[PDB]
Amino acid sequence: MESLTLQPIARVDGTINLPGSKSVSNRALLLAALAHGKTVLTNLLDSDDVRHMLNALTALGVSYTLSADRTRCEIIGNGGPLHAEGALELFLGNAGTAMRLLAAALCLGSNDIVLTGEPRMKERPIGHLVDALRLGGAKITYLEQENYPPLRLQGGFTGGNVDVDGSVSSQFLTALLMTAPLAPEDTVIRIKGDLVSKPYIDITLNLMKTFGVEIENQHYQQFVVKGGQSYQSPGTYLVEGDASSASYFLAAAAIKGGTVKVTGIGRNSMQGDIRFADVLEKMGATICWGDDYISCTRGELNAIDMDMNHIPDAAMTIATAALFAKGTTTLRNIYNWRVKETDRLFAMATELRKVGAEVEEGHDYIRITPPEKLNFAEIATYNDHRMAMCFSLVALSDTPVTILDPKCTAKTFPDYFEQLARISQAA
């Protein structure tokens, strides 16, 4: 078991040029593959989740080239739905963005493809998306547990009236939205009840528009999509820096700055996680907004009690930043933390207690009361990049922290620790 030990960080200050957004990267790659023309993506993220999407596109016959640092990609669009037969197996690691998006997209036409991944992915739900795709005509078989990957896709999605449950993942709706335009018939997608992670739907619509397709959004309750459309290459497209990856560095300044500036995202970003900066401001930090940067400067840090359904990923960063805040912090309406890389409510509560906090693990919330002083712990990371990145913040105290399996950060941010070190100062 590999591990890394972080020594106490006296102060953080500096500038980080962010790695590309995983959310934007995977949507842009799939749309580029489906589109007509050559798309050149710049600032693309090089991480496991994007690599699995790239490998899937390669297996499906899509041609592309990558720059030396794998952040520039020139994709030759397929000019329509992707195809493969012979039950071609696509291994997608634990990349939900690739699993959910491809599960829908590959239902267009005829195909015979199997989507699978790492053991944890076979435990992450996909039944709501499968139910919706079937209502639209798709033939999908669960090869192991009902409602979970692996899936055998045999095509047939033609459109029509499709209901989709939006209470567990917004990715199911995203996948349907990206797929429906290329179906032969028009599709009316109706959301059954609640919709979680709503801001990611805006990312999806933004990318679709970039690639030439718009739909009718009726207050996020129903979406009307015209079929028979085609995606078109936007030419050169700049992938925004990752706002979720930015959270650690902005939080580090809120705790131990100094001023930390992240570049690649700014006030105009489409990512909902830029709203993480607003939470730091509510806790007492100072935030500055630019066209291509967001910066945070240390002020004070007070506990907050907030519904975090709009920023589920970056919200994990508040759970460890809470160790440094005055008072008890409560993060609410985050049930789906339980169905992601690991059950994050169980994992976060378990590891936070190890450094001294008193924690109430609610069914869909977490309440954190910090200790007077943190203690050393060897942190388990549950094959979850964010557990490693969130707990790295423990080193902004007087105690070192040991992080198990630090390479798990590669799911979205291979160079995380070197970037944290870049802004770590001894004086």
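Note that residue numbering follows the sequence shown and begins at 1.
Asks: With reference to the PDB entry, specify whether the mean Cα temperature factor is higher for 120 to 128 or for 224 to 232.
Replies: Result of the comparison: 224 to 232.
Asks: Select between 193 to 201 and 215 to 223 the stretch whose C-alpha atoms have the higher average B-factor in the entry.
Replies: Comparing 193 to 201 with 215 to 223, the higher average CA B-factor belongs to 215 to 223.
Asks: Looking at the C-alpha B-factor values in the deposited entry, which of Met270, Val188, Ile255, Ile318 comes out highest?
Replies: When the deposited C-alpha B-factors of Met270, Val188, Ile255, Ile318 are compared, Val188 is largest.
Asks: Take the CA temperature factors straight from the PDB entry and tell me which of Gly96, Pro312, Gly264, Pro150 peaks.
Replies: If I rank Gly96, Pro312, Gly264, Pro150 by C-alpha B-factor, first place goes to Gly264.
Asks: Can you work out whether the C-alpha temperature factor of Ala32 puts it in the lowest, middle or highest third of the chain?
Replies: It falls in the bottom third of the chain.
Asks: In terms of the chain's CA B-factor thirds, is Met306 lowest, middle or highest?
Replies: Its C-alpha B-factor belongs to the highest third of this chain's values.
Asks: Please say which third, lowest, middle or highest, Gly327 falls into when its CA temperature factor is compared across its chain.
Replies: It falls in the middle third of the chain.
Asks: Would you mind checking where the Cα B-factor of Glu372 ranks among the modelled residues of its chain, as the lowest, middle or highest third?
Replies: Tercile = highest for this residue's CA B-factor.
Asks: Comparing against every modelled residue in the chain, figure out the third that the C-alpha B-factor of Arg11 lands in (lowest, middle or highest).
Replies: Its C-alpha B-factor belongs to the highest third of this chain's values.
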